């Protein structure tokens with residue numbers, strides 16, 4: 001979910017912390033329902049992709065000597 | 001002294017469970033007010049002091065019963081929010 005500082009920019013208004021929660025509690029209540037395509041493009045406007053870093057170790061190249 | 005014995009304040013033990021028999025006896029004497037009575041009687045409470053305590057206990061019971069009734073009445077609306085978002 002977008003953070004309060006990102007919601008405060010889509011709206012161009014100042015928000016309280018409880019104002020943010022009430023809006024999020026209302027979106028979750030919208031996912032649990034049988035939301036259609038029209039009700040899914042709207043929720044994705046407020047979903048920000050969280051990039052997960054790969055913890056897999058980088059492998060060194062195998063070289064050959066003389 | 002003149003009454004029959006082993007009738008008043010007498011509880012029979014079941015299956016050798018003496019702990020449960022004693023707890024039942026203590027609960028009996030507590031509910032009838034004997035335990036509090038015996039304790040208050042160790043030292044003389046003066047009549048002005050007894051009236052003050054009896055008045056305080058009677059007013060506290062009324063206030064506690066009245067506060068329980070209010071919470072019971074006002075807990076009917078503790079159900080989930082019907083108009084969430086509005």
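Quick reminder, even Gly has a Cβ in these numbers, built from the backbone with ideal geometry, and neighbours come from all protein chains shown. No value in this document is a laboratory result; all are computed from the given coordinates.
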GNM of chain A, Cα pairs under 10 angstrom: of A:40, A:53, A:28, the biggest fluctuation goes to A:53
Within the set B:15, B:54, B:66, GNM on chain B using Cα springs under 10 Å gives the largest fluctuation to B:15
In degrees, nearest 10, the alpha-carbon axis of helix A:17-31 is tilted away from the dominant principal axis of the alpha carbons of chain A by 80 degrees
Under 13 Å by backbone N from the virtual spin label 7 Å along Cα-to-Cβ at residue B:84, the residues of segment A:23-40 are A:23-33
Nearest 10, in degrees from 0 to 90: the angle of helix B:47-74 to the longest Cα principal axis of chain B is 40 degrees
Per the C-alpha gyration tensor (a ≥ b ≥ c, the square roots of its eigenvalues), chain B is rounded if a/c is under 1.5, else prolate if a/b beats b/c, else oblate; here it's oblate
Only helices counted: for the protein assembly as shown, with every DSSP H run of 4 or more residues adding -39500 (n - 2.57) and the sum spread over all residues, [θ] at 222 nm is -16500 deg cm²/dmol
Under the 7 Å Cα-to-Cβ spin-label approximation, residue B:38 and residue A:22 lie apart by a distance in nanometres of 5.9 nm
Each label sits 7 Å from Cα toward the beta-carbon; between residue B:17 and residue A:53 the label points are separated, in nm, by 6.2 nm
With Cα coordinates, the longest principal axis of chain B makes an angle with the long axis of helix B:18-31, in degrees rounded to 10, of 70 degrees
